Amino acid sequence: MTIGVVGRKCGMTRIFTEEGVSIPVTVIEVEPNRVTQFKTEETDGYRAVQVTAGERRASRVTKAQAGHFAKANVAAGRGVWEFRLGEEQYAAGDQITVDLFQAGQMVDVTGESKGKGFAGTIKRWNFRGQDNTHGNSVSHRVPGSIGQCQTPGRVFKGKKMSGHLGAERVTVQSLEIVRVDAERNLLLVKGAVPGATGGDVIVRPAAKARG
Amino acid sequence: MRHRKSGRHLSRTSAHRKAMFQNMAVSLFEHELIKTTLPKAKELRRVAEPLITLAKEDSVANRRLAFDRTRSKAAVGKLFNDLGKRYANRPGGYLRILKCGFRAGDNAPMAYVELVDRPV
Amino acid sequence: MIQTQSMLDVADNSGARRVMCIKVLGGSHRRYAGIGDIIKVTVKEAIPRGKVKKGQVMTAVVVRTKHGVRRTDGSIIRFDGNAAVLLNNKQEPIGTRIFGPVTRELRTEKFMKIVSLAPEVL
Amino acid sequence: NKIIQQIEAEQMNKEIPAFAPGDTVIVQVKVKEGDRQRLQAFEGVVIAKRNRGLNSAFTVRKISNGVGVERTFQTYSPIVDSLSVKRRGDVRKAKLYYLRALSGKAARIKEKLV
Amino acid sequence: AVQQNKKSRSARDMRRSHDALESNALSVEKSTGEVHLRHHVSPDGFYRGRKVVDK
RNA sequence: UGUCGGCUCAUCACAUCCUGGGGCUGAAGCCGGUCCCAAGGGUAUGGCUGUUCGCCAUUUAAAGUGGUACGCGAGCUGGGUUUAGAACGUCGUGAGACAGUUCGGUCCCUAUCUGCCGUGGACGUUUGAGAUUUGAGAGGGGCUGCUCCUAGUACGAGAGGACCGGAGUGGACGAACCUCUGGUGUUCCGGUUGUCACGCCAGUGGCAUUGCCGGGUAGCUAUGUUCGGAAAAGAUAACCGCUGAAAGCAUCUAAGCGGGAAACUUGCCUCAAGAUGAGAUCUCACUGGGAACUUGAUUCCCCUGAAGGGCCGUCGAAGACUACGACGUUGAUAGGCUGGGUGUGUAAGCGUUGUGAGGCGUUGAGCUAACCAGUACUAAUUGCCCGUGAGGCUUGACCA
RNA sequence: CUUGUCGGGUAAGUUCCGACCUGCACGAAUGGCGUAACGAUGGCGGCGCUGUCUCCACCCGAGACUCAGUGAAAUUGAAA
RNA sequence: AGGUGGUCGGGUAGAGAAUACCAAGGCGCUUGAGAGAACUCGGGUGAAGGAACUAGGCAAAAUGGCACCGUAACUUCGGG
RNA sequence: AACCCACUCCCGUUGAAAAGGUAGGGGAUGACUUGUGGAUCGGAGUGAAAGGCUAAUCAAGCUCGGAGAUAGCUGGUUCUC
RNA sequence: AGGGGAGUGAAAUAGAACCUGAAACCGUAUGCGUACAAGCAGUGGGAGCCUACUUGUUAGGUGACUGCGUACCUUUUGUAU
Ligand SMILES: [Mg+2]
Ligand SMILES: [Mg+2]
Ligand SMILES: [Mg+2]
Ligand SMILES: [Mg+2]
Ligand SMILES: [Mg+2]
Ligand SMILES: [Mg+2]
Ligand SMILES: [Mg+2]
Ligand SMILES: [Mg+2]
Ligand SMILES: [Mg+2]
Ligand SMILES: [Mg+2]
Ligand SMILES: [Mg+2]
Ligand SMILES: [Mg+2]
Ligand SMILES: [Mg+2]
Ligand SMILES: [Mg+2]
Ligand SMILES: [Mg+2]
Ligand SMILES: [Mg+2]
Ligand SMILES: [Mg+2]
Ligand SMILES: [Mg+2]
Ligand SMILES: [Mg+2]
Ligand SMILES: [Mg+2]
Ligand SMILES: [Mg+2]
Ligand SMILES: [Mg+2]
Ligand SMILES: [Mg+2]
Ligand SMILES: [Mg+2]
Ligand SMILES: [Mg+2]
Ligand SMILES: [Mg+2]
Ligand SMILES: [Mg+2]
Ligand SMILES: [Mg+2]
Ligand SMILES: [Mg+2]
Ligand SMILES: [Mg+2]
Ligand SMILES: [Mg+2]
Ligand SMILES: [Mg+2]
Ligand SMILES: [Mg+2]
Ligand SMILES: [Mg+2]
Ligand SMILES: [Mg+2]
Ligand SMILES: [Mg+2]
Ligand SMILES: [Mg+2]
Ligand SMILES: [Mg+2]
Ligand SMILES: [Mg+2]
Ligand SMILES: [Mg+2]
Ligand SMILES: [Mg+2]
Ligand SMILES: [Mg+2]
Ligand SMILES: [Mg+2]
Ligand SMILES: [Mg+2]
Ligand SMILES: [Mg+2]
Ligand SMILES: [Mg+2]
Ligand SMILES: [Mg+2]
Ligand SMILES: [Mg+2]
Ligand SMILES: [Mg+2]
Ligand SMILES: [Mg+2]
Ligand SMILES: [Mg+2]
Ligand SMILES: [Mg+2]
Ligand SMILES: [Mg+2]
Ligand SMILES: [Mg+2]
Ligand SMILES: [Mg+2]
Ligand SMILES: [Mg+2]
Ligand SMILES: [Mg+2]
Ligand SMILES: [Mg+2]
Ligand SMILES: [Mg+2]
Ligand SMILES: [Mg+2]
Ligand SMILES: [Mg+2]
Ligand SMILES: [Mg+2]
Ligand SMILES: [Mg+2]
Ligand SMILES: [Mg+2]
Ligand SMILES: [Mg+2]
Ligand SMILES: [Mg+2]
Ligand SMILES: [Mg+2]
Ligand SMILES: [Mg+2]
Ligand SMILES: [Mg+2]
Ligand SMILES: [Mg+2]
Ligand SMILES: [Mg+2]
Ligand SMILES: [Mg+2]
Ligand SMILES: [Mg+2]
Ligand SMILES: [Mg+2]
Ligand SMILES: [Mg+2]
Ligand SMILES: [Mg+2]
Ligand SMILES: [Mg+2]
Ligand SMILES: [Mg+2]
Ligand SMILES: [Mg+2]
Ligand SMILES: [Mg+2]
Ligand SMILES: [Mg+2]
Ligand SMILES: [Mg+2]
Ligand SMILES: [Mg+2]
Ligand SMILES: [Mg+2]
Ligand SMILES: [Mg+2]
Ligand SMILES: [Mg+2]
Ligand SMILES: [Mg+2]
Ligand SMILES: [Mg+2]
Ligand SMILES: [Mg+2]
Ligand SMILES: [Mg+2]
Ligand SMILES: [Mg+2]
Ligand SMILES: [Mg+2]
Ligand SMILES: [Mg+2]
Ligand SMILES: [Mg+2]
Ligand SMILES: [Mg+2]
Ligand SMILES: [Mg+2]
Ligand SMILES: [Mg+2]
Ligand SMILES: [Mg+2]
Ligand SMILES: [Mg+2]
Ligand SMILES: [Mg+2]
Ligand SMILES: [Mg+2]
Ligand SMILES: [Mg+2]
Ligand SMILES: [Mg+2]
Ligand SMILES: [Mg+2]
Ligand SMILES: [Mg+2]
Ligand SMILES: [Mg+2]
Ligand SMILES: [Mg+2]
Ligand SMILES: [Mg+2]
Ligand SMILES: [Mg+2]
Ligand SMILES: [Mg+2]
Ligand SMILES: [Mg+2]
Ligand SMILES: [Mg+2]
Ligand SMILES: [Mg+2]
Ligand SMILES: [Mg+2]
Ligand SMILES: [Mg+2]
Ligand SMILES: [Mg+2]
Ligand SMILES: [Mg+2]
Ligand SMILES: [Mg+2]
Ligand SMILES: [Mg+2]
Ligand SMILES: [Mg+2]
Ligand SMILES: [Mg+2]
Ligand SMILES: [Mg+2]
Ligand SMILES: [Mg+2]
Ligand SMILES: [Mg+2]
Ligand SMILES: [Mg+2]
Ligand SMILES: [Mg+2]
Ligand SMILES: [Mg+2]
Ligand SMILES: [Mg+2]
Ligand SMILES: [Mg+2]
Ligand SMILES: [Mg+2]
Ligand SMILES: [Mg+2]
Ligand SMILES: [Mg+2]
Ligand SMILES: [Mg+2]
Ligand SMILES: [Mg+2]
Ligand SMILES: [Mg+2]
Ligand SMILES: [Mg+2]
Ligand SMILES: [Mg+2]
Ligand SMILES: [Mg+2]
Ligand SMILES: [Mg+2]
Ligand SMILES: [Mg+2]
Ligand SMILES: [Mg+2]
Ligand SMILES: [Mg+2]
Ligand SMILES: [Mg+2]
Ligand SMILES: [Mg+2]
Ligand SMILES: [Mg+2]
Ligand SMILES: [Mg+2]
Ligand SMILES: [Mg+2]
Ligand SMILES: [Mg+2]
Ligand SMILES: [Mg+2]
Ligand SMILES: [Mg+2]
Ligand SMILES: [Mg+2]
Ligand SMILES: [Mg+2]
Ligand SMILES: [Mg+2]
Ligand SMILES: [Mg+2]
Ligand SMILES: [Mg+2]
Ligand SMILES: [Mg+2]
Ligand SMILES: [Mg+2]
Ligand SMILES: [Mg+2]
Ligand SMILES: [Mg+2]
Ligand SMILES: [Mg+2]
Ligand SMILES: [Mg+2]
Ligand SMILES: [Mg+2]
Ligand SMILES: [Mg+2]
């Protein structure tokens, strides 16, 4: 953790090794990141760095945000993110590329997962359905019982019910870096990355490490 | 879920849908200005514009393909003789949609569908 | 994938003509047995003068499936039927010959006897 | 998908002669049996062919020892060392899945002389 | 399933606090001076200074 | 106040079945027996029977015991019990009866309130606004087999066979994803039966479950792919101690100092300032006049409405309606058009061969959804409404 | 009593089939014992077939959802 | 979306007054428009397995025409 | 097949319907189905027998009278000190 | 259709659904209270605000905050039940 880059999910592919094994790969474009603000102990408490990436039109950036992007001459971009760093040193106006990663180098990737609208209990919670025959009355995929009699006499908080298999944010831990294309700004990561093509993903060094 | 899916059901079977949009396209080539519903007008321009493009190259095989998709002798002759020659140099966008209010009976949003360069 | 009640024929000369799976070994609530996994079978048809009899509970190894096996490059191999080899008490083949091809995933340290006898290893 | 195609291009560096379903091809497959490596021939009729660039694939079917077997090769993997067409088949389809219900003289495929 | 006690005057009026109506976005045809709906053709037949329906 | 069993969904206790830590042993080792601590996670599939139970077959690390209206029919079932029909055995002269059998036999309800799962509208946070955040607190997760090395070493006459410590590979469970392997793909391409129509031939279209079929793009998906459970720290349980008197000895305790488990608090993931205790940081906007007083956190009028937000439109792997996200001519937001890709499989017309069905050439041809790239041809107007005029008082510290 | 005992079938059979006789409490026109054909009749077992199931996935229509019009019902001591 | 006696009843396939597409003739069934969630109703397809489901193969899937060959126990001699 | 009937599943149960509908199902030259007209009825009729049917009513129809039957049983019983 | 004026009438809020015209129930306007607060909705204490005028030992509307406080009938040995 403590430092990373923001990229876009470009889609999955494969690469073959000379030994003949094919590695599933997720290609991540990392347009170079620009430091916007450095946060220290005497001004904010915690230590962190604020980063922007991409590019935005001049008619979509407000006067409040334009003056923030102008205190450090950075030029506005899509979104603003903040990485909580333990002990490093940055100055407003720097560049952060894929060049803090190497091959090997387990990382964690965060993204907004694909959104299912309003899911039932079978899809959302892996419930199992009642009978499709043998007398069942209009109660095939319905959840069933949700409590007990007079004792409790109210459903318990946290009950598993239906609705919104979400587009939340999820992290996938311990993903290996396969190739770091420095000149074309690419990160090739072994495995699946949350979200759809085009979404913004955060890449950080693996927190758990070890195996 | 309907991620990245195209088309509109419009509460009809696929046989009803296919037949409704031939009549609506055949009417448009004849009167050059029709009044219909906005969801139906947006789904029509995926049907009648590929016909005007096909009419640009006149041949026996092209006029046989046109008749199969719009089973109307007059409409096939309306294309290949007036349209396709009118829009020979226009790269797409042969028809125009303009919102025009709501129906009285059911409050359905309406629209005007018309060929772009009517000589009037 | 092979589960209980599945019928799969024999790739030996052990007498058994057709067997049926009655258990998949190696874990609780285990569902499927692929190529190279141990199962528990019962004999459903046998040769008149074979060395196994009908209705006999014993252990077999899965050697050939319709579902198939995957390879590292991403390829796949599939057969036209599920086949098994009957093993004795000490996890060893009972018949002496083996029919049809076998696969390299069975070329392990405990089933090398049934790979050296197969007319073809894929 | 504009830069995915660029990553895939730098791995498409093989001959891969043209062939179509119904042909009888021979595929030389790399096999490791310890430290030494050899080539194992797989001969059969092609019944399916997937055209996707790097992710291309094809399926051949052969009767090995009285038991049928089908293998789906990846066209651009290093495992598929080479391929040669031994016979050209004359078929009216693109996927010959009906051949799995025919066994002997009923599974013959005509020849394409030109 | 049906109520056990009848609802009060205040209890049903609170439910209707979200039942108010919004007003349409209108605009004035600059060339003529005719009020029409925003992005729609005028009830006369003018859109963006162009006669389109000839009544 | 609907009574057995099954199904779906659970929640708690600990008198612990497995995994975890220990004392004693009639504990050599491998396996055991018994007691103490421990509730984090796990904890079979079938044959018979209406069965709970039970007995069997084969597994598993183990197939725990109980409370919850013997949990759960305004969540499902209806095999059993317990209506009306009929029959057997037995009892009664008879109508009939039988915790004795047997075959058949209608299971209603659109959710007001509390509760729960998702998702919004209003206002407040003391001038307003754009954006990024800290973390009081809450939830999720925690399972485990086998093989190899140490090592055929310790132990043992032998047979047999480890503790501690490493490496690999699986079962079950969970999440994300669609590169691969497949499924689907009534919006794509073909084959074909019956009939009707387009004047007729050819060529096509309607109807017949998409007429029946063979394939199949994008999207969705598992049976496909990748990942996860940790390590570590603290304070402890049973237990094991060091020093040590009361009580010249002894003694883990009375003062003092340690080791110690899947339990507890962090560590990993998510939500989180309506945390009314409403937090913090960067930047931006607004610098007019009069009057009436019930003479200041007052009211009324005229002028002036900024930063920004909304309405509206083109939409979206976002979505029940919302909300969220992108764009609106200074523009690739959607459709079309132009190239390509993909799928299907050699179109129509014409020319040859044949008496004809048919074959052959032009020809991998014709067509091609949702995909990739480009391009203003078509649609996103040239608008309206909210939101103001420098942000109260007291105390104290630094200034002037 | 009772899932009596033995044999068959099944990896495993309280049901089924063949026997034994200890008939709680069969028995000869409220008929006894058999029987070809027949039965939307009761019990048991096979082949084929399959979404019945492991374990559900995708797709097509009608509701449910939103908008415009018409417009009920059971229930109700009062409800912060 | 119930019930109601009798008569006529064409073409192409077809044994047919069944069934499919049509003629003569008649009609689109007196609320619509969208969108494309859970769930419910009526259907299509499904990898590997094939009754492991269940009180019970309930439901579904499967068979299905004409000509010819061929066909068991048992039997009341017809049959099956 | 028409016609008569009603064995199974599902839907519907505030129904389209106070007993239906879609899929399958039985008989279909006969102890058959059906139109019109007629006969038998309330301790009575009719019944290939289910205590079944006799106008959505049957272990004794409906209607009006005896009749305001009887109710040792529930319920209710009204202004003030 | 229904209204706004004008006219008749002692009186059209006596207008033909026509004397008077209550209650349930439904609205518009003003004044006060109400978005950190848990329960038979009252009662005892009580600030502030608004109105009127006898200008505050007054009258009327509202009731922040706070102490106590589980409806009525019936039937019962006994009911918030
Ligand atoms: Mg979505
Ligand atoms: Mg289930
Ligand atoms: Mg049942
Ligand atoms: Mg029902
Ligand atoms: Mg159903
Ligand atoms: Mg209940
Ligand atoms: Mg309670
Ligand atoms: Mg739960
Ligand atoms: Mg789209
Ligand atoms: Mg059709
Ligand atoms: Mg209520
Ligand atoms: Mg009540
Ligand atoms: Mg009110
Ligand atoms: Mg409302
Ligand atoms: Mg369950
Ligand atoms: Mg749970
Ligand atoms: Mg408790
Ligand atoms: Mg204990
Ligand atoms: Mg235990
Ligand atoms: Mg233990
Ligand atoms: Mg122990
Ligand atoms: Mg012990
Ligand atoms: Mg526990
Ligand atoms: Mg516990
Ligand atoms: Mg537990
Ligand atoms: Mg627990
Ligand atoms: Mg605990
Ligand atoms: Mg813990
Ligand atoms: Mg079981
Ligand atoms: Mg069991
Ligand atoms: Mg049973
Ligand atoms: Mg208790
Ligand atoms: Mg109890
Ligand atoms: Mg209990
Ligand atoms: Mg119970
Ligand atoms: Mg219980
Ligand atoms: Mg039920
Ligand atoms: Mg029950
Ligand atoms: Mg009920
Ligand atoms: Mg209930
Ligand atoms: Mg229900
Ligand atoms: Mg029953
Ligand atoms: Mg039943
Ligand atoms: Mg009876
Ligand atoms: Mg007697
Ligand atoms: Mg009695
Ligand atoms: Mg019974
Ligand atoms: Mg019956
Ligand atoms: Mg029910
Ligand atoms: Mg309540
Ligand atoms: Mg916290
Ligand atoms: Mg809180
Ligand atoms: Mg927890
Ligand atoms: Mg926690
Ligand atoms: Mg030894
Ligand atoms: Mg020794
Ligand atoms: Mg999984
Ligand atoms: Mg895929
Ligand atoms: Mg794809
Ligand atoms: Mg595939
Ligand atoms: Mg495929
Ligand atoms: Mg398919
Ligand atoms: Mg298909
Ligand atoms: Mg696909
Ligand atoms: Mg004609
Ligand atoms: Mg013709
Ligand atoms: Mg046709
Ligand atoms: Mg027609
Ligand atoms: Mg089809
Ligand atoms: Mg068919
Ligand atoms: Mg496919
Ligand atoms: Mg999934
Ligand atoms: Mg620890
Ligand atoms: Mg001492
Ligand atoms: Mg001591
Ligand atoms: Mg101490
Ligand atoms: Mg410690
Ligand atoms: Mg563990
Ligand atoms: Mg706040
Ligand atoms: Mg704040
Ligand atoms: Mg704005
Ligand atoms: Mg502005
Ligand atoms: Mg905004
Ligand atoms: Mg939208
Ligand atoms: Mg440009
Ligand atoms: Mg192609
Ligand atoms: Mg064609
Ligand atoms: Mg041609
Ligand atoms: Mg040719
Ligand atoms: Mg050629
Ligand atoms: Mg082509
Ligand atoms: Mg018995
Ligand atoms: Mg027996
Ligand atoms: Mg046996
Ligand atoms: Mg059985
Ligand atoms: Mg006698
Ligand atoms: Mg008798
Ligand atoms: Mg007798
Ligand atoms: Mg007799
Ligand atoms: Mg007698
Ligand atoms: Mg008799
Ligand atoms: Mg007899
Ligand atoms: Mg009969
Ligand atoms: Mg019988
Ligand atoms: Mg059985
Ligand atoms: Mg549909
Ligand atoms: Mg409405
Ligand atoms: Mg006819
Ligand atoms: Mg007919
Ligand atoms: Mg006609
Ligand atoms: Mg209607
Ligand atoms: Mg509708
Ligand atoms: Mg369905
Ligand atoms: Mg089907
Ligand atoms: Mg298929
Ligand atoms: Mg299947
Ligand atoms: Mg299959
Ligand atoms: Mg089979
Ligand atoms: Mg069973
Ligand atoms: Mg079972
Ligand atoms: Mg059936
Ligand atoms: Mg059928
Ligand atoms: Mg009739
Ligand atoms: Mg009858
Ligand atoms: Mg019946
Ligand atoms: Mg059915
Ligand atoms: Mg019939
Ligand atoms: Mg029927
Ligand atoms: Mg018969
Ligand atoms: Mg018949
Ligand atoms: Mg007659
Ligand atoms: Mg009479
Ligand atoms: Mg009678
Ligand atoms: Mg009656
Ligand atoms: Mg009588
Ligand atoms: Mg009487
Ligand atoms: Mg009457
Ligand atoms: Mg009457
Ligand atoms: Mg009386
Ligand atoms: Mg009297
Ligand atoms: Mg009373
Ligand atoms: Mg008056
Ligand atoms: Mg009057
Ligand atoms: Mg009146
Ligand atoms: Mg009056
Ligand atoms: Mg008078
Ligand atoms: Mg009144
Ligand atoms: Mg008011
Ligand atoms: Mg508080
Ligand atoms: Mg308050
Ligand atoms: Mg409250
Ligand atoms: Mg309280
Ligand atoms: Mg309360
Ligand atoms: Mg007072
Ligand atoms: Mg006062
Ligand atoms: Mg008070
Ligand atoms: Mg009070
Ligand atoms: Mg109190
Ligand atoms: Mg009472
Ligand atoms: Mg009582
Ligand atoms: Mg009592
Ligand atoms: Mg009391
Ligand atoms: Mg009460």
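Do any residues in the range A:112-135 that are closer than 21 Å to residue A:199 by Cβ have Cβ atoms under 7 Å from those of residues that are near RNA strand G (Cβ under 10 Å from one of its atoms), where the two are at least six apart or on different chains, and which pairs are they?
Hits for this filter: A:116/B:1; A:117/B:1.
What residue, among those in the range A:180-194 that are assigned to a strand (DSSP E or B) and not hydrophobic (A, V, I, L, M, F, W, C), is nearest to the other protein chains (Cβ to nearest Cβ)?
A:181
Could you check the range A:111-157 and list, in sequence order, the residues that are within 14 Å of chain B (Cβ to nearest Cβ) and more than 16 Å from ligand 9 (Cβ to nearest atom)?
Once the filter is applied, which keeps residues that are within 14 Å of chain B (Cβ to nearest Cβ) and more than 16 Å from ligand 9 (Cβ to nearest atom), the range A:111-157 yields A:113, A:116, A:118, A:119, A:120, A:123, A:124.
Identify all residues within the range D:30-58 that are over 22 Å from residue A:15 (Cβ atoms) and at the interface with chain C (Cβ under 9 Å from one of its Cβ atoms); write none if there are none.
If the condition is that a residue be over 22 Å from residue A:15 (Cβ atoms) and at the interface with chain C (Cβ under 9 Å from one of its Cβ atoms), then D:31, D:33, D:40, D:42 are the ones that fit.
Just to check your reading of the model, which residue among B:120, B:113 is surrounded by fewer than 18 Cβ atoms within 10 Å (Cβ to Cβ) and either under 25 Å from residue E:45 (Cα atoms) or within 14 Å of another protein chain (Cβ to nearest Cβ) (or both)?
B:120 is the lone residue from the list that is surrounded by fewer than 18 Cβ atoms within 10 Å (Cβ to Cβ) and either under 25 Å from residue E:45 (Cα atoms) or within 14 Å of another protein chain (Cβ to nearest Cβ) (or both).
Do you know which residues across the range B:66-113 are over 16 Å from residue B:54 (Cα atoms) and acidic (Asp, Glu)?
B:106
Just checking, which of D:27, D:69 is in a strand (DSSP E or B), without any contact (Cβ under 8 Å) to a residue 12 or more places away in the chain and within 12 Å of chain C (Cβ to nearest Cβ)?
When all the criteria are applied, what remains is D:69.
Suppose we filter B:15, B:41 for residues that are away from ligand 9 (no atom under 16 Å from the Cβ), without any contact (Cβ under 8 Å) to a residue 24 or more places away in the chain and among the small types (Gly, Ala, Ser); which single one remains?
B:15
Restricting the first residue to the range E:10-33 and requiring it to be without any contact (Cβ under 8 Å) to a residue 60 or more places away in the chain and closer than 16 Å to residue E:47 by Cα, which pairs with a second residue that is more than 7 Å from RNA strand F (Cβ to nearest atom) and among the polar types (S, T, N, Q) meet a Cβ separation below 9 Å and a spacing of at least six or different chains?
Listed by first residue and then by second, the contacts come to E:29/E:42; E:32/E:42.
Check the range E:33-42 and report whether any residue there is part of a loop (DSSP other than H, G, I, E, B), more than 16 Å from RNA strand I (Cβ to nearest atom) and more than 14 Å from chain B (Cβ to nearest Cβ).
yes
Filtering the range E:1-51 down to residues that are over 30 Å from residue B:97 (Cα atoms) and of a type in the set (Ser, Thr, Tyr), which residue is nearest to ligand 3 (Cβ to nearest atom)?
Applying the filter and picking the extreme gives E:8.
Which members of the range B:2-32 meet the condition of being in a loop (DSSP other than H, G, I, E, B) and of a type in the set (S, T, N, Q)?
B:6, B:11, B:13
Of all residues in the range D:72-94 being part of a strand (DSSP E or B), touching a residue at least 40 places away in the same chain (Cβ under 8 Å) and within 13 Å of chain C (Cβ to nearest Cβ), which is surrounded by the most Cβ atoms within 10 Å (Cβ to Cβ)?
The extreme case among them is D:73.
Can you pull out every residue in the range A:18-57 that is without any contact (Cβ under 8 Å) to a residue 12 or more places away in the chain and aliphatic (A, V, I, L, M)?
A:21
Among the residues of the range A:55-65, are any away from chain B (no Cβ under 14 Å), basic (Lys, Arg) and part of a helix (DSSP H, G or I)?
Within the range A:55-65 (the criterion being away from chain B (no Cβ under 14 Å), basic (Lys, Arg) and part of a helix (DSSP H, G or I)), the answer is yes, since at least one residue qualifies.
Scan (1) assigned to a loop (DSSP other than H, G, I, E, B); (2) buried (at least 17 other Cβ atoms within 10 Å of the Cβ) for the single condition residue A:114 breaks and write down its number.
With respect to (1) assigned to a loop (DSSP other than H, G, I, E, B); (2) buried (at least 17 other Cβ atoms within 10 Å of the Cβ), residue A:114 is out only on (2).
Looking at the range A:146-159, can you tell me whether even one residue there is closer than 30 Å to residue A:205 by Cβ, more than 16 Å from ligand 11 (Cβ to nearest atom) and not β-branched (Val, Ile, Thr)?
no
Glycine also receives a Cβ, built like all others from the backbone with ideal geometry; neighbour counts cover every protein chain displayed. Read-outs throughout are calculated quantities, based only on the coordinates presented, and are distinct from any laboratory measurement.
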